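In the block that follows, a single chain appears as structure tokens, in the form deposited without indole-3-glycerol phosphate.
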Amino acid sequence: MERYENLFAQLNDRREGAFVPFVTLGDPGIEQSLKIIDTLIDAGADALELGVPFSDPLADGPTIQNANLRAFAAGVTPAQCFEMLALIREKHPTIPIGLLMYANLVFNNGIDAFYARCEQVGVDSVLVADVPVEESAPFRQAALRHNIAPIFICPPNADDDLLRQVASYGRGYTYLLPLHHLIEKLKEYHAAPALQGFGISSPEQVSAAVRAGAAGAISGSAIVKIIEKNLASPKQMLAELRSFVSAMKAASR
């Protein structure tokens, strides 16, 4: 989680927000995915959120379901994803790497062993998509024992009890879906810095997030859409990813 603390400190010294793209690992294959990820960082991504393909995701929109199936159908496995993560970390010492996981893949061979493997490969945070704070105790405990930030979503429909729990239990960042008041209450309760992740697909939404006093913004699916649109041309895929990420990061500054 220290990579996030260091990143936000540095961004604060530059009065900049963070820009964080999501992609599915291994979409549309392992080699292209590694290139995509290097392109995102080179183009100015501050941190990454990376998904591990799962047979039956029940918490992702159509764009993401489509990407899940490209990777999953191409035979990408969690073991291969963890090989990828080690390689990504080896190339990029300071970039925070967050995973977006389904509970079964974390629970499968033991929750503690999962976080231990995260720590071994250099992952910084884990968001478990189908574990609400009420069920989070064993996950966040294993995360913290292995120096991994547990990320929680603060949804539109949050109440004060939820704000206090997310603020208390999360580390790294708060994944945020009135707005300026959620940001204010999270700060009051000493929550991890907020990243706005609701429908972030254009530069003006990044600047709005910064203006609202959020630490930055997460693009939950715009990067995946670009992959989906450019499958037939890998070169163009990288070019459009680079342009998009560059534009989005410029909006944070």
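For the two forms, the rigid core is made up of the largest set of C-alpha atoms that agree within 1.5 Å on superposition. Note that residue numbering follows the sequence shown and begins at 1.
Between 195-203 and 45-53, greater CA displacement relative to the shown form is found for 195-203 when the structures in 8 other deposited structures of this protein are fitted on the core.
Structural divergence in 8 other deposited structures of this protein between 123-131 and 105-113: following superposition by the core, 105-113 has C-alpha atoms lying farther from the shown form. Unmodelled stretch separating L177 from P178: 10 or more residues (count of deposited-sequence residues without coordinates).
For the pair 207-215 and 54-62, the mean Cα B-factor is higher in 54-62. Here 163-171 and 121-129 are compared by their mean Cα B-factor, and 163-171 comes out higher. For the set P78, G75, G110, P138, the PDB entry puts the maximum C-alpha B factor at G75. When the Cα B-factors of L105, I97, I183, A143 are read from the PDB record, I183 comes out highest.
When the CA B factors of the chain's modelled residues are split into thirds, the value for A158 lands in the highest one. Annotation for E228: CA B-factor lies in the highest third of the chain's modelled residues. Annotation for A9: CA B-factor lies in the middle third of the chain's modelled residues. Residue-level temperature factors show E188 in the highest third of its chain, judged at the C-alpha atom. In the deposited entry, the Cα temperature factor of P234 places it in the highest third of its chain's modelled residues.
The protein also exists as the form solved in complex with indole-3-glycerol phosphate; that form is not presented, and the subsequent description refers to it.
Placing indole-3-glycerol phosphate onto this chain after superposition of the site C-alphas, with its pose taken in the deposited complex, gives at least three ligand atoms within 2.4 angstroms of backbone or C-beta atoms; the site is classed as blocked.
When indole-3-glycerol phosphate is considered in the deposited complex, only one residue from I227, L186, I218, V210 comes within 4.5 Å through any heavy atom, namely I218.
Of the listed positions (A71, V106, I148, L100), a single one reaches within 4.5 angstroms of indole-3-glycerol phosphate by any non-hydrogen atom in the deposited complex, namely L100. At the 4.5 Å threshold, heavy atoms of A86 stay clear of indole-3-glycerol phosphate in the deposited complex, well away from it. Shown alone here, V121 lies farther than 4.5 Å from indole-3-glycerol phosphate in the deposited complex, counting heavy atoms only.
Contact check for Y175: a heavy atom falls within 4.5 Å of indole-3-glycerol phosphate in the deposited complex.
When indole-3-glycerol phosphate is considered in the deposited complex, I200 lines it closely, a heavy atom lying within 4.5 Å.
Interface residues of 57-95, taken as those with a heavy atom within 4.5 Å of indole-3-glycerol phosphate in the deposited complex (partner not displayed): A59, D60, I64, in sequence order.
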